[PDB]
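Below: one structure, written as structure tokens.
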Amino acid sequence: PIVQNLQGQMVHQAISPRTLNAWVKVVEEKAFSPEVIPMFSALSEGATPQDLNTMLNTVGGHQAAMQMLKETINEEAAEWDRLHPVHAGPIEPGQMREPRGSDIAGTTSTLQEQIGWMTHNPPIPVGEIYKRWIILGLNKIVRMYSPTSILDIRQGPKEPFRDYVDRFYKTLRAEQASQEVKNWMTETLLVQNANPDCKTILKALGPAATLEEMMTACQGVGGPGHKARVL
Amino acid sequence: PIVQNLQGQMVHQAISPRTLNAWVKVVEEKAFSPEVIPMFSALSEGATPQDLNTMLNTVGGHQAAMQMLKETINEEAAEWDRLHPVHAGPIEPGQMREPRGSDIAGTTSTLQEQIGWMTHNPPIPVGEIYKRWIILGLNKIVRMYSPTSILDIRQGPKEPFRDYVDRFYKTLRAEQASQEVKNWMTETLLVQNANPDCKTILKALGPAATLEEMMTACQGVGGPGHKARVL
Amino acid sequence: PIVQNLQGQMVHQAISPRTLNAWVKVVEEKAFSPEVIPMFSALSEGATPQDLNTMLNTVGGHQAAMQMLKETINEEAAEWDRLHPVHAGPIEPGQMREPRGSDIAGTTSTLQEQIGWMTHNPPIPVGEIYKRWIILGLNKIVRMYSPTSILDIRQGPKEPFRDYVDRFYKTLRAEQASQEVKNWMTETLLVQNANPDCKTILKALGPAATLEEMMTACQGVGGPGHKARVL
Amino acid sequence: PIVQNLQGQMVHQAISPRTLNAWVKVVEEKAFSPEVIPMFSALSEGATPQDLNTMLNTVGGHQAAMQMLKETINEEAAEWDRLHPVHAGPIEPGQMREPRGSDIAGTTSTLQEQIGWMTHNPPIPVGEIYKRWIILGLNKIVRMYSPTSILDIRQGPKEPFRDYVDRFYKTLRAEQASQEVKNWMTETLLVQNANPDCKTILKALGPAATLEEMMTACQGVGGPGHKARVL
Amino acid sequence: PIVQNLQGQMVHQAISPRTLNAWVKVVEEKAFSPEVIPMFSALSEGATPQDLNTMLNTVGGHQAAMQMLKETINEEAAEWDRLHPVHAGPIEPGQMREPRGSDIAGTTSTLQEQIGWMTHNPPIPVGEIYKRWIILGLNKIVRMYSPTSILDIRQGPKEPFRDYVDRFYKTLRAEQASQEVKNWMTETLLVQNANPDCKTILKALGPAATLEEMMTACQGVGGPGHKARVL
């Protein structure tokens, strides 16, 4: 990553063993569940196209999964070539060159280059583009390896509403459909798959109540000396 | 916060990717428990609101917990707006503008405004202030996500009293109990549901013991049984 | 390891105690698996040769594997010196001195001289060259301690297609077979050892299908409809 | 109701007793059916607010559903006057008087003014509006008493594509969603385990695969035969 | 639809629901059988887009056929915009404007425009245009489900020829196969699957001949004649 957003000295240093450890844990012990997606981004803060290449190849030994990320990113870079014909003219005073596709994926661009653009003012956002190309790759990984579906997130009979809501919301966040398709699942699916008493409370306040208000009312019914309704 | 570099001139910098890594080891270990808010107190030391929003943004797995925290800010932010009269931008030429709720929360404010507000006369500690909004949001997520009720914590025959006291004080912590409620619970409920080994000594102590005195009576070092809990 | 400056040249710092701890846990957990390579590559971004020697020194386990790797390394160093490999940067440096094989590996070169070569313009990239020579041995230990197995692979009777796709990738990676062969085995053996009712799909897929197009049409095994297992 | 006559001019006729029986027959004897609306539309052609009120109040069966319809048109009539204050600002001779929503629902307007709007040129859609508000009632009454469920319909590994479209679009006559949700539904959601033959067939068709072909796809030896049933 | 009652005719009426119920009977008895297509043209003489939408919406189920029909209509509407570039913003009541594809489909057009294009000088054929695209719809339905096996057909032991060739014909018309194939089937399969004495006398005629000649030649026993009404 880059390790200084102002300072020139020691601008960038190679990846942490905790970043690798915890990367390897999500793709193995959480086994490509949808919570991978937002977690990837929290890892990638200030990551260079090379750091990103390191993250692409460090997905827990899963070689076939490397191929589905890899072919994706490359198609996206080949697309960047279709959208951007090459300027060779005078570069303006203080300005850098504009990246190519093979530059975005770090094949043609120096690591000084990658640092340069990432600390430029206004930024040339190469790592923030490549990581969204990688999440698109990553999204394919989650569909083949984990059978998780927002359709089939179901609240258990003695199950806490907080554990069922955590599953629905992490599964929701990794959908790539629009914000209207998203806002519909929290109105429809979430109320519809809660237990009888919690479903009754969710519709009673209606889904226009805040999540904490929903949450506190749903723990309140499912808390001490509970009734598991038969189904 | 302020650098750790022990050559020359101290200079103010953001939160570091090593610290970001540390927060990720904290989250994916303690996650939502009472045990989060003190680690947070540590790692957010000399943070600006921009760091605080980086601390929020670099969370991965638990997107409900984050929707409740993002939510809890808006309501305290709005409160702040309702508490103070603020006109938009400078009220006078060449003097600083007054903070709004959304400025405390980093959204509507630049980082260059942010270190301005802090170097005002008197100081406006916009981070420190903001950390309180965050911690109420944390306390809300933790109370709901925490799993033991305070009204059903009982000590078995082979359970160490240290382990049961940490679970009781951590259950009284999850539920955000007043000191008046903690002093009454301490006195009452605790003594009762200790095992008869601790309990008959706890009962031999006279009116209004300190928790030190409850431990000195009970302890009773080592055991119960073979190879006691250190968690 | 070498850390980057925003303008100007790379600077050498001492290795992290965790990087060391991480690598040991790597050679305990993954030695006989093709997971040794991406982790080793991950823990040797911006490494010098003394970084690469420190990682090799750190191991106190798996001594017969290190020995095979060491005799292997000397084979491409002796080759270096005799049959003059192609490389980027100076083949006859004027103002500094020819890298030998031993020097690339760092048994006869001081750390200054290695920095000397990597800080050069054009550089002589001694670190990356060495890491290829360790990765040759990493393949060798993976081949010797996990032998031929690509022909014996079958998709299980109850096994989803992607779980056995995921194994075929691991197997074929472990296999070390020629790239004309890798490309045939992905074209026809991947279909050959598959489920029979999934192979009917795979025939309509053809040879030039992506993994994602194949993992989308064919999923789990699936089973008799309208039945229940025997009692 | 109003009859159209030459030059597109409008001429008035009293409500037939046969139209009213016709409407009691569609309400009671095509009860709750989506088909209820288009028949309705064919009964309400040139209807004044008065003819609609007679239509609605003529009916004596199904009074839980006429109640939600009376609540829905009241709400819509009071909504209307927020959005448009009648006769705002400067008053202009030459106008029939503007309809408030209480005139639209026929509550503060007389026959003379009801004829006023519809013999105007261009015709003021007073009765047309009320019908579109009543169809909102009827579509809601349809949703309320339909039996199909959106959490039952999905394509499993034995189901034809047709067989699932028929049921799913049978759902959505009753159950309302956006097209972005319907498109996401057919892309991925309700199709997670969908028929292996259909996948085989869908690939075998190429990049010239049509919806008509995809419906014709998939047959076996259960259910109806292949022999024709239409004289 | 638009009556031809009255001097200088251009007068719209509602469709009678009896007419709607006679259409419920055609589809009850004949489904989508090929002679539903010109009946549907006959039902929709002088009809509007709103009438048509009414006649479509009153159909009993078939929701996969309804979709396939609906997307078929949406592509003819879409190319219709490509074949006639027409534009509009907000629609003005009373104003003669050029119809777009959406206005020809009843989707965007109020009924006064629809009648208004129909009764312009020249009449602009908006009812025709869409009725033609619904007939292409039905014609698509007929392609998919009307064919059944003609190779079933063999003349019964006591069967006269005028029952067996009509039955040949009824199944031949059922199949959607191109004409020159059908001509082939006439000169071969009608003769080859015929009884011994028949096929013989059909080989004496030569099957090249007119159907009057085949009826005269292959003559069988008289009586009432089976009218073909057992299915």
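Identifiers in this document derive from the order of the structure tokens: chains are assigned A, B, ..., residues are numbered from 1 separately in each chain, and ligands are numbered from 1 in order of occurrence.
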Mind doing a quick least-squares superposition of chain A onto chain E, all C-alpha atoms paired one-to-one in order, and writing it out as a compact mmCIF listing (two decimals) with C-alpha atoms, in the first residue's frame?
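And here's part09.txt as it stands now:
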# COMPACT_ATOMS: atom_id res chain seq x y z
CA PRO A 1 -64.23 -2.12 -31.35
CA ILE A 2 -65.07 0.56 -33.72
CA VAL A 3 -68.63 0.20 -34.71
CA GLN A 4 -68.78 2.81 -37.53
CA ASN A 5 -66.44 2.89 -40.64
CA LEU A 6 -68.18 6.03 -42.01
CA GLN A 7 -70.56 7.52 -39.22
CA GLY A 8 -69.11 9.88 -36.55
CA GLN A 9 -71.76 9.36 -33.95
CA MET A 10 -71.31 6.35 -31.63
CA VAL A 11 -68.05 5.48 -33.51
CA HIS A 12 -66.97 2.82 -31.03
CA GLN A 13 -68.54 0.67 -28.28
CA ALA A 14 -67.15 -1.79 -25.66
CA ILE A 15 -66.72 -5.53 -26.42
CA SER A 16 -69.61 -8.16 -26.81
CA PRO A 17 -70.37 -10.94 -24.17
CA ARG A 18 -70.65 -13.37 -27.08
CA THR A 19 -67.07 -12.32 -28.15
CA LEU A 20 -65.83 -13.15 -24.61
CA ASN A 21 -67.90 -16.31 -24.29
CA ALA A 22 -66.56 -17.77 -27.49
CA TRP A 23 -63.01 -16.56 -26.81
CA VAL A 24 -63.06 -18.36 -23.39
CA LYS A 25 -64.52 -21.53 -25.10
CA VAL A 26 -61.70 -21.92 -27.74
CA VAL A 27 -58.82 -21.67 -25.06
CA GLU A 28 -60.65 -23.96 -22.59
CA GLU A 29 -62.82 -26.64 -24.42
CA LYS A 30 -60.62 -26.68 -27.54
CA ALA A 31 -57.75 -26.24 -25.05
CA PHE A 32 -55.27 -24.16 -27.12
CA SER A 33 -55.60 -26.42 -30.28
CA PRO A 34 -54.23 -24.71 -33.52
CA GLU A 35 -57.76 -23.61 -34.67
CA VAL A 36 -57.33 -20.68 -32.18
CA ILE A 37 -55.32 -18.64 -34.66
CA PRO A 38 -57.84 -17.96 -37.60
CA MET A 39 -60.58 -17.77 -34.88
CA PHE A 40 -58.79 -14.91 -33.06
CA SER A 41 -58.76 -12.85 -36.30
CA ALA A 42 -62.45 -13.41 -36.99
CA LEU A 43 -63.01 -12.07 -33.47
CA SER A 44 -60.71 -9.01 -33.92
CA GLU A 45 -62.37 -7.23 -36.86
CA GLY A 46 -62.09 -3.50 -36.05
CA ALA A 47 -60.73 -4.21 -32.42
CA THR A 48 -58.70 -1.30 -30.88
CA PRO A 49 -55.44 -1.76 -29.03
CA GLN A 50 -57.53 -1.62 -25.75
CA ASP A 51 -60.01 -4.28 -27.12
CA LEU A 52 -56.99 -6.31 -27.97
CA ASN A 53 -55.66 -5.75 -24.44
CA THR A 54 -58.99 -7.10 -23.20
CA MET A 55 -58.60 -10.20 -25.49
CA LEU A 56 -54.95 -10.67 -24.25
CA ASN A 57 -56.01 -10.77 -20.60
CA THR A 58 -59.29 -12.78 -21.27
CA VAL A 59 -57.58 -16.15 -22.39
CA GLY A 60 -59.60 -18.43 -19.86
CA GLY A 61 -57.71 -17.64 -16.56
CA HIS A 62 -54.51 -18.94 -17.96
CA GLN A 63 -52.03 -16.63 -16.19
CA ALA A 64 -48.82 -18.25 -17.27
CA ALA A 65 -50.03 -17.99 -20.86
CA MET A 66 -50.63 -14.18 -20.28
CA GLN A 67 -46.87 -13.79 -19.54
CA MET A 68 -45.74 -15.46 -22.89
CA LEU A 69 -48.13 -13.27 -24.93
CA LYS A 70 -47.15 -10.17 -22.81
CA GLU A 71 -43.36 -10.38 -23.07
CA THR A 72 -43.71 -11.04 -26.86
CA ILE A 73 -45.93 -7.99 -27.68
CA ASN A 74 -43.56 -5.66 -25.65
CA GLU A 75 -40.41 -6.89 -27.36
CA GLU A 76 -42.24 -6.17 -30.70
CA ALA A 77 -43.13 -2.68 -29.53
CA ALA A 78 -39.52 -2.19 -28.34
CA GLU A 79 -38.53 -3.18 -31.89
CA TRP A 80 -40.92 -0.58 -33.34
CA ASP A 81 -38.91 1.92 -31.19
CA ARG A 82 -35.66 0.74 -32.81
CA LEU A 83 -37.12 1.16 -36.31
CA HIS A 84 -38.78 4.56 -35.67
CA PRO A 85 -36.92 7.58 -34.22
CA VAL A 86 -39.36 10.45 -33.20
CA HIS A 87 -40.47 13.23 -35.52
CA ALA A 88 -41.47 16.51 -33.76
CA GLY A 89 -41.71 18.82 -36.75
CA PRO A 90 -44.71 20.45 -38.49
CA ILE A 91 -47.53 17.92 -39.15
CA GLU A 92 -48.97 18.17 -42.69
CA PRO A 93 -52.62 19.58 -43.34
CA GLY A 94 -55.12 16.84 -42.41
CA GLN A 95 -52.46 14.39 -41.16
CA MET A 96 -52.02 12.75 -37.73
CA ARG A 97 -48.85 11.88 -35.72
CA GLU A 98 -47.22 8.46 -36.46
CA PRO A 99 -47.56 5.96 -33.58
CA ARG A 100 -44.87 4.90 -31.15
CA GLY A 101 -44.44 1.30 -29.80
CA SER A 102 -46.23 2.15 -26.50
CA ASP A 103 -48.92 3.75 -28.67
CA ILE A 104 -49.40 0.57 -30.78
CA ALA A 105 -49.88 -1.37 -27.52
CA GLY A 106 -52.14 1.42 -26.25
CA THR A 107 -50.02 2.50 -23.16
CA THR A 108 -49.50 6.05 -24.54
CA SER A 109 -52.28 6.53 -27.04
CA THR A 110 -55.77 7.80 -26.17
CA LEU A 111 -58.74 5.70 -27.20
CA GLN A 112 -59.86 8.69 -29.52
CA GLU A 113 -56.37 8.39 -31.06
CA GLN A 114 -56.82 4.65 -31.58
CA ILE A 115 -60.29 5.23 -33.16
CA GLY A 116 -58.78 8.17 -35.21
CA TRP A 117 -55.96 6.20 -36.85
CA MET A 118 -58.25 3.19 -37.50
CA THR A 119 -60.75 5.38 -39.36
CA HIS A 120 -58.07 7.53 -41.11
CA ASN A 121 -57.83 7.74 -44.87
CA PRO A 122 -55.46 6.05 -45.82
CA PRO A 123 -55.54 3.98 -42.58
CA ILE A 124 -52.72 3.99 -39.95
CA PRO A 125 -53.31 0.22 -39.27
CA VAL A 126 -52.38 0.03 -35.46
CA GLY A 127 -54.95 -2.75 -34.58
CA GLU A 128 -54.08 -4.82 -37.58
CA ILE A 129 -50.31 -4.54 -36.52
CA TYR A 130 -50.95 -5.29 -32.85
CA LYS A 131 -53.10 -8.31 -33.54
CA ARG A 132 -50.29 -9.84 -35.62
CA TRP A 133 -47.95 -9.29 -32.53
CA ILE A 134 -50.61 -10.95 -30.44
CA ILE A 135 -50.96 -13.94 -32.91
CA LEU A 136 -47.12 -14.37 -32.72
CA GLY A 137 -47.64 -14.46 -28.86
CA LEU A 138 -50.62 -16.80 -29.37
CA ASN A 139 -48.64 -19.16 -31.56
CA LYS A 140 -46.27 -19.75 -28.64
CA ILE A 141 -49.33 -20.66 -26.48
CA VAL A 142 -50.55 -23.32 -28.94
CA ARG A 143 -46.99 -25.00 -29.05
CA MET A 144 -46.68 -25.32 -25.22
CA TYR A 145 -50.37 -26.27 -24.23
CA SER A 146 -51.38 -28.57 -27.24
CA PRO A 147 -49.01 -31.37 -28.45
CA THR A 148 -50.67 -31.17 -31.99
CA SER A 149 -48.22 -31.59 -34.84
CA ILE A 150 -48.88 -31.61 -38.58
CA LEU A 151 -46.35 -34.42 -38.73
CA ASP A 152 -48.76 -36.60 -36.49
CA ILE A 153 -52.27 -35.78 -37.86
CA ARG A 154 -53.31 -39.49 -38.66
CA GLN A 155 -56.43 -40.82 -40.37
CA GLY A 156 -58.38 -43.33 -38.10
CA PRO A 157 -59.30 -46.78 -39.49
CA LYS A 158 -63.16 -46.26 -39.71
CA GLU A 159 -62.63 -42.47 -39.74
CA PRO A 160 -64.25 -40.07 -42.16
CA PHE A 161 -61.88 -38.24 -44.53
CA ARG A 162 -63.77 -34.90 -43.82
CA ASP A 163 -63.00 -35.06 -40.05
CA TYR A 164 -59.22 -36.00 -40.62
CA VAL A 165 -59.03 -33.17 -43.37
CA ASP A 166 -60.51 -30.58 -41.01
CA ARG A 167 -57.76 -31.47 -38.36
CA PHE A 168 -54.89 -31.30 -41.01
CA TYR A 169 -56.12 -27.97 -42.39
CA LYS A 170 -56.62 -26.18 -39.13
CA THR A 171 -53.21 -27.44 -37.94
CA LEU A 172 -51.68 -26.31 -41.29
CA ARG A 173 -53.15 -22.73 -41.10
CA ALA A 174 -51.40 -22.01 -37.74
CA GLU A 175 -47.87 -22.88 -38.98
CA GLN A 176 -45.75 -19.77 -39.28
CA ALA A 177 -43.25 -21.19 -41.82
CA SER A 178 -43.57 -19.93 -45.51
CA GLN A 179 -46.21 -20.70 -48.25
CA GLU A 180 -43.70 -23.22 -49.85
CA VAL A 181 -43.38 -25.15 -46.60
CA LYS A 182 -47.20 -25.00 -46.43
CA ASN A 183 -47.89 -26.14 -50.04
CA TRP A 184 -45.43 -29.08 -49.45
CA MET A 185 -47.55 -30.48 -46.39
CA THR A 186 -50.71 -30.69 -48.66
CA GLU A 187 -48.63 -32.59 -51.32
CA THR A 188 -46.60 -34.74 -48.96
CA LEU A 189 -48.10 -35.17 -45.52
CA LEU A 190 -51.84 -35.22 -46.44
CA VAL A 191 -51.54 -37.90 -49.08
CA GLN A 192 -49.00 -39.93 -46.92
CA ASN A 193 -51.11 -40.06 -43.77
CA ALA A 194 -54.55 -40.98 -45.41
CA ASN A 195 -55.88 -44.61 -45.16
CA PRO A 196 -54.75 -47.18 -47.96
CA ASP A 197 -57.89 -46.76 -50.27
CA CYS A 198 -57.96 -42.92 -49.75
CA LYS A 199 -54.20 -42.65 -50.21
CA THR A 200 -54.49 -44.66 -53.41
CA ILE A 201 -57.30 -42.31 -54.65
CA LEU A 202 -55.23 -39.12 -53.63
CA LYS A 203 -52.13 -40.30 -55.60
CA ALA A 204 -54.46 -41.73 -58.44
CA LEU A 205 -55.97 -38.32 -59.24
CA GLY A 206 -52.71 -36.84 -57.95
CA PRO A 207 -52.51 -33.79 -55.49
CA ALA A 208 -53.11 -31.45 -58.35
CA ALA A 209 -56.84 -32.30 -58.22
CA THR A 210 -59.05 -29.86 -56.47
CA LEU A 211 -59.98 -30.50 -52.80
CA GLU A 212 -63.65 -31.15 -53.59
CA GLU A 213 -62.75 -33.68 -56.24
CA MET A 214 -60.36 -35.39 -53.68
CA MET A 215 -62.98 -34.99 -50.97
CA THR A 216 -65.97 -36.49 -53.00
CA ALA A 217 -63.76 -39.50 -54.12
CA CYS A 218 -62.50 -40.04 -50.52
CA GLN A 219 -66.04 -39.89 -48.91
CA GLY A 220 -67.22 -42.14 -51.77
CA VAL A 221 -64.80 -44.89 -50.83
CA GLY A 222 -65.16 -44.48 -47.00
CA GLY A 223 -69.06 -44.11 -47.07
CA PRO A 224 -71.87 -46.81 -46.65
CA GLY A 225 -70.72 -50.46 -46.14
CA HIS A 226 -66.98 -49.55 -45.63
CA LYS A 227 -63.80 -51.71 -45.39
CA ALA A 228 -61.40 -50.85 -42.53
CA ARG A 229 -58.02 -52.06 -43.80
CA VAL A 230 -55.83 -53.68 -41.04
CA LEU A 231 -52.50 -51.91 -40.14
Once DSSP has gone over the backbone, tell me which residues of segment 151-225 of chain D are in helix (DSSP H, G or I), as a ChimeraX atom specification. /D:161-171,179-187,189-191,196-204,206-208,211-216
